[PDB]
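Colleague: Just so you know, the protein sequences line up as chains A and B, in that order.
When the first sequence is numbered by UniProt numbering, its final residue is 3569 and no position is left out of the sequence of numbers.
When the second sequence is numbered by UniProt numbering, its final residue is 3569 and no position is left out of the sequence of numbers.
In this text, a Cβ means the ideal position worked out from N, Cα and C, and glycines have one as well.
Sharing a structure with you now.
Protein chains: 2
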Amino acid sequence: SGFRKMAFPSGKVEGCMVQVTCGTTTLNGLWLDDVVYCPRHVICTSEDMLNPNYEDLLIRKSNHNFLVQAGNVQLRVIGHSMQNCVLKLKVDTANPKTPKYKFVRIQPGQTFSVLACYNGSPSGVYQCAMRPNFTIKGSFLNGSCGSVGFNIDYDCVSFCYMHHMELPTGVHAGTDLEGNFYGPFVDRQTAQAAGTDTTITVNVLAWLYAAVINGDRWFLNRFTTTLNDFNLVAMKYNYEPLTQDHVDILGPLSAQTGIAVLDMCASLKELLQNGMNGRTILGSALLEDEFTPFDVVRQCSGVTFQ
Amino acid sequence: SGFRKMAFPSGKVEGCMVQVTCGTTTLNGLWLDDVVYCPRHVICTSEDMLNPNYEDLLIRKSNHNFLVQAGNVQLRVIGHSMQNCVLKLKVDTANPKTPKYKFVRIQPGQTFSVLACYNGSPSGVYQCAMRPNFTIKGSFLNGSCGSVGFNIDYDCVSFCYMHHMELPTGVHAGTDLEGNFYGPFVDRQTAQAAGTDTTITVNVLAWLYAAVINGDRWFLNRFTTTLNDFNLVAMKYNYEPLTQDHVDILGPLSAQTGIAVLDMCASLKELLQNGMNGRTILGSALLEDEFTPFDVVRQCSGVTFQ
Ligand SMILES: *[C@](O)(C(N)=O)[C@H](C[C@@H]1CCNC1=O)NC(=O)[C@@H]1[C@@H]2[C@H](CN1C(=O)[C@@H](NC(=O)NC(C)(C)C)C(C)(C)C)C2(C)C
Ligand SMILES: *[C@](O)(C(N)=O)[C@H](C[C@@H]1CCNC1=O)NC(=O)[C@@H]1[C@@H]2[C@H](CN1C(=O)[C@@H](NC(=O)NC(C)(C)C)C(C)(C)C)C2(C)C
Ligand SMILES: [Cl-]
């Protein structure tokens, strides 16, 4: 028993982290086979960042201008190209610790593990969700750029996120590993609005199932609701619409607990309308929306990797 | 900016996890040099667990009775001994991935990372605190026994916790790596009372400093208090006494923010007496006590390892 925010084991990603320096800018790179991937603003001075011409800047750079370090060892750069917002540095050494890997573009509402790094050295690991407005609520200081987000499916690392920038109120934005931003952001230090964030309804329901599995049952009411009536109430509280796809995805937790999804929806409607009256669910005074149905099953069934 | 519950990177511990089986009981072991450490109840059937005679049970066991697997590879056991509540299995192969390591006995109020494992395979990593009543609030299913808790100081893994058992309400108890239980527990399936838990005052103050560093300043009041007057108020709310040692340990956060510890104590006294009035601190509706002053500094200064 017990329910914790749990990250994937980071060992397979730790072996891929390097330091990339170009003049006075140092940040992190991801070393897979004979390529290092890093944010392209490594080639910027502080002033460049206000309105960078990345092509004019990369044009003046030679391979030797990129100092890449894996622990002590300097890796020699033998080629460089820009793909959208990421630099690819070809190196003369293939990483011997390259795991099986994929580049994936994750969907809003899905979770991943972040391995926070400084100067190419891992600092810590934590789980976060891609918010409906394509930001994440991370922990990132100066030096963390190039830190990556990932999921593990048995032996395969799916890299989904590379860190680029911070937005108002300690929210974070970055790219997939093809250098395409999540959301309407550009890698320039100029005013840009994030859309308003919403609550990930399917994830709150997954977490209420986790609560029941753990014996926290006080919020279960005797009622049911229709999908349409549930969605009308939750829209008022800035919850995303629940879809039949979501109902189908909650199927395993529904079957394990014997609680129909629409019955759990009636219990959530009452929490939204009446609040929690000073009670906690799984130790929390607020409704949690950063556990997916698959995260709840994985954690409540003991799914392992490697 | 941003503040997350962050675990240590787990790579150095992942390389040490093995599976240990003796008849029908399988759980996890820690493989360091040519020794595997695991909970001694691996030698128990379900019935044995009600009142085990570990010596009578281990007496009937030969080296071959222990099946140890590191991934696919079977490791041959060449010796076995019991030290308090842990079995030490001598194996004919020293682990090539053994990191620099220490066995430490952590103090109540200190945090560590748990690498949750099933069948010798890592499942996930999360941070937790040794509670004042010598339990932890973990996430552990059947099969998780032998999972370890650790801290990393640059290159050195300090192993502090090995998982043995679950207590009423999904709280967890285990041993140091010399097999001595934290708290008044024995490895028997019979009634045992945990002492009442308390709130780790020094950790709540550390977290209020993290909030200020992140710009969440609404709870700062214009007052100060004495250590004695603070302790009289907090004792009512089941907070542990704050000591001068604690005041000294909060020194770095106090100096960084320019807020005297006793001024922050006056702000905590007002939160305890009046509550939060529906406001959040760092996204939480409750006061958090599982970040140490060192965890706040580490996370807010970007301390790395390896
Ligand atoms: C990254 O470059 C690194 N070296 O770590 C850094 C990471 C930042 C620093 C603070 N926390 C982080 O996550 N990224 C940047 O400095 C990027 C970089 C330049 C500005 N920038 C920002 O993150 C800024 N944000 C920003 O301007 N936000 C807007 C106004 C667009 C909403 C700032 C102010 C430094 C946090 C570029 C190329 C985007
Ligand atoms: C561990 O053996 C494993 N194989 O994973 C297992 C871990 C447990 C199972 C559920 N969650 C966990 O953390 N440990 C045990 O089964 C230990 C073992 C036998 C009983 N036991 C327990 O944890 C029990 N707890 C218990 O009896 N609690 C008291 C009454 C002492 C407060 C139980 C009921 C199975 C959870 C021994 C030797 C202690
Ligand atoms: Cl909360």
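1) Between which two residues does the beta strand (DSSP E) containing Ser3407(A) stretch?
2) Whose CA, out of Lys3363(B), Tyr3445(B), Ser3384(B), lies closest to the CA of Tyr3417(B)?
3) Report yes if the C-beta of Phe3403(B) is less than 7 Å from at least one heavy atom of ligand 2; otherwise report no.
4) Output the residue ranges of the alpha helix (DSSP H) runs that lie fully inside the stretch 3277-3350 of chain B and measure 4 residues or longer, sorted by chain position.
5) Let me check you understand the geometry: is the CB of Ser3547(B) closer than 7 Å to at least one non-hydrogen atom of ligand 3?
6) When burial is assigned at 16 or more other CB atoms within 10 Å of the CB, is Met3498(B) buried or exposed?
7) Spatial neighbours of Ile3544(A) within its chain, please: CB distance less than 6 Å, with the 5 preceding and 5 following residues excluded, ordered by chain position.
8) Here's the rule: buried if 16 or more other CB atoms are within 10 angstroms of the residue's CB, otherwise exposed. What is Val3336(B)?
9) Against chain B, does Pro3515(A) count as a neighbour if the rule is that its beta carbon must be under 8 Å from one of theirs?
10) Under 7 Å Cβ-Cβ, which residues of chain A neighbour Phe3266(B)?
11) With a threshold of 6 Å on Cβ separation, who are the neighbours of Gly3437(A) within its own chain once the five nearest residues in sequence on each side are excluded?
12) Check this for me: beta carbons of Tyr3300(B) and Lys3351(B), under 8 Å apart or not?
13) Output needed in chain order: residues of the stretch 3276-3291 of chain B with a Cβ under 9 Å from some Cβ in chain A.
14) How would you label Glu3277(A), buried or exposed, when you count the other beta carbons within 10 angstroms and need 16 or more for buried?
15) Which residue comes first and which comes last in the beta strand (DSSP E) that contains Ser3547(B)?
16) Return the CA-CA distance between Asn3396(B) and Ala3529(A), expressed in angstroms with no decimal places.
17) Does DSSP put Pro3395(A) in a helix, a strand or coil?
18) At which residues does the alpha helix (DSSP H) containing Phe3493(A) begin and terminate?
19) Go ahead and label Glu3553(A) buried or exposed: buried means 16 or more other beta carbons lie within 10 angstroms of its beta carbon, across all protein chains shown.
20) Which residue from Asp3319(B), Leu3290(B), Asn3537(B) puts its Cα closest to that of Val3496(B)?
21) Hey, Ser3384(B) and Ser3273(A): beta-carbon distance below 8 Å or not?
22) Is any heavy atom of ligand 2 found at a distance shorter than 7 Å from the C-beta of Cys3408(B)?
23) When DSSP builds the beta bridges, which residues end up paired with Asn3414(A)?
24) Using 7 Å as the cut-off, classify the Cβ of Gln3390(B) as near or not near the heavy atoms of ligand 2, replying yes or no.
25) Report the option in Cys3380(A), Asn3326(A), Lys3324(A) whose CA atom is closest to the CA atom of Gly3565(B).
26) Let me check understanding here. Comparing Cα to Cα, which of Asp3460(B), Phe3557(B), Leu3531(B), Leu3440(B) lies closest to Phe3482(B)?
27) Output, in chain order, the set of chain B residues within a Cβ distance shorter than 8 Å of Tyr3389(A).
28) Compare the C-beta of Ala3548(A) with all C-beta atoms of chain B and state if any pair is closer than 8 Å.
29) Could you have a look at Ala3457(B) and say whether DSSP puts it in helix, strand or coil?
30) Do you know how far the Cα of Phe3403(B) is from the Cα of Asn3484(A)?
31) How is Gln3452(B) classed by DSSP in three states: helix, strand or coil?
32) Closer than 6 Å by C-beta to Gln3390(A): which residues in its own chain qualify, once you throw out the five before and the five after it? Chain order, please.
33) From the beta carbon of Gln3569(A), is the nearest beta carbon of chain B less than 8 Å away?
34) Report yes or no: is there a C-beta of chain A within less than 8 Å of the C-beta of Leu3378(B)?
35) Between which residues of its own chain and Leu3550(A) is the CB-CB distance below 6 Å, once the five residues before and five after are set aside?
36) Give a yes or no on contact between the stretch 3297-3313 of chain B and the stretch 3398-3415 of chain B, applying the rule of three or more CB pairs nearer than 8 Å.
Modeller: By the coordinates alone:
1) Reading the first sequence from its first residue, position 144 is the one you call residue 3407(A). Note, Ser3407(A): premise wrong, no beta strand (DSSP E); not H, not E.
2) Taking the first residue of the second sequence as 1, we reach residue 3417(B) at position 154. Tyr3417(B) has its Cα closest to that of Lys3363(B), out of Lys3363(B), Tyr3445(B), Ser3384(B).
3) Position 140 of the second sequence, counted from the first residue, corresponds to residue 3403(B). Yes - ligand 2 has a heavy atom lying nearer than 7 Å to the Cβ of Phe3403(B).
4) 3317-3322
5) As a working note, residue 3547(B) is residue 284 in the second sequence. Yes; taking the cut-off as 7 Å, the Cβ of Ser3547(B) has a heavy atom of ligand 3 nearer than that.
6) Residue numbering aside, residue 3498(B) sits at position 235 when the second sequence is read from its first letter. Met3498(B) comes out exposed.
7) The residue labelled residue 3544(A) in the question sits at position 281 within the first sequence. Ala3474, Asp3479.
8) Looking up residue 3336(B) in the second sequence gives position 73. Under this definition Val3336(B) is an exposed residue.
9) Taking the first sequence and counting its residues from 1, one reaches residue 3515(A) at position 252. No, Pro3515(A) lies away from the interface with chain B (no Cβ there is under 8 Å from its Cβ).
10) Position 3 of the second sequence, counted from the start, is the residue given in the question as residue 3266(B). The contacting residues are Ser3402.
11) Here residue 3437(A) is taken as the residue at index 174 of the first sequence, counted from 1. So the list reads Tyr3424, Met3425, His3426, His3427, once near-sequence residues are dropped.
12) Taking the second sequence and counting its residues from 1, one reaches residue 3300(B) at position 37. Taking the second sequence and counting its residues from 1, one reaches residue 3351(B) at position 88. Taking 8 Å as the Cβ cut-off, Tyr3300(B) and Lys3351(B) qualify as a contacting pair.
13) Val3276, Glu3277, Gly3278, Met3280
14) Position 14 of the first sequence, counting from 1, holds the residue named residue 3277(A). Label assigned to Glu3277(A): buried.
15) Against the second sequence, residue 3547(B) aligns to sequence position 284. No beta strand (DSSP E) contains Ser3547(B), which DSSP labels as neither H nor E.
16) Within the second sequence, the letter at position 133 stands for residue 3396(B). Within the first sequence, the letter at position 266 stands for residue 3529(A). Going from the Cα of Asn3396(B) to the Cα of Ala3529(A) covers about 38 Å.
17) Residue 3395(A) sits at position 132 when you count from the first residue of the first sequence. Correct three-state label for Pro3395(A): coil.
18) Looking up residue 3493(A) in the first sequence gives position 230. Counting along the chain, the alpha helix (DSSP H) containing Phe3493(A) begins and ends at 3490-3499.
19) Sequence index remark: in the first sequence, residue 3553(A) carries index 290 (1-based). It counts as buried.
20) Taking the first residue of the second sequence as 1, we reach residue 3496(B) at position 233. Comparing Cα-Cα distances from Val3496(B) to each of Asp3319(B), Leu3290(B), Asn3537(B), the minimum goes to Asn3537(B).
21) Reading the second sequence from its first residue, position 121 is the one you call residue 3384(B). Reading the first sequence from its first residue, position 10 is the one you call residue 3273(A). No.
22) Reading the second sequence from its first residue, position 145 is the one you call residue 3408(B). Yes, the beta carbon of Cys3408(B) sits closer than 7 Å to at least one heavy atom of ligand 2.
23) The sequence position of residue 3414(A) within the first sequence is 151, counting from 1. Note: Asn3414(A) sits in a beta bridge opposite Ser3421(A).
24) Here residue 3390(B) refers to the residue found at position 127 when the second sequence is read from its first residue. Checking the Cβ of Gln3390(B) against ligand 2 gives no.
25) In the second sequence, residue 3565(B) corresponds to position 302, counting from 1. Among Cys3380(A), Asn3326(A), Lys3324(A), the Cα nearest to that of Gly3565(B) is on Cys3380(A).
26) Numbered from its first residue, the second sequence carries residue 3482(B) at position 219. Minimum Cα distance to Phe3482(B) is reached at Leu3531(B).
27) Taking the first sequence and counting its residues from 1, one reaches residue 3389(A) at position 126. Ordered by position in chain B, the residues that pass the 8 Å Cβ test against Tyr3389(A) are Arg3267, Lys3268, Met3269, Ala3270.
28) Working through the first sequence from its first residue, we reach residue 3548(A) at position 285. Closer than 8 Å: yes.
29) The residue labelled residue 3457(B) in the question sits at position 194 within the second sequence. The answer is coil: DSSP assigns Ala3457(B) none of H, G, I, E or B.
30) On the first sequence, residue 3484(A) is found 221 positions in, with the first residue counted as 1. On the second sequence, residue 3403(B) is found 140 positions in, with the first residue counted as 1. So the alpha carbons of these two residues sit roughly 29 Å apart.
31) In the second sequence, counting from the first residue as 1, residue 3452(B) sits at position 189. Coil.
32) Locating residue 3390(A) in the first sequence gives position 127, counting from the first residue. Taken in chain order, the residues that qualify are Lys3268, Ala3270, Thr3374, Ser3376.
33) Here residue 3569(A) refers to the residue found at position 306 when the first sequence is read from its first residue. Taking Cβ atoms only, chain B reaches closer than 8 Å to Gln3569(A), which makes this a yes.
34) In the second sequence, residue 3378(B) corresponds to position 115, counting from 1. Yes, its Cβ sits closer than 8 Å to a Cβ of chain A.
35) Position 287 of the first sequence, counted from the first residue, corresponds to residue 3550(A). Contacts found: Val3467.
36) yes
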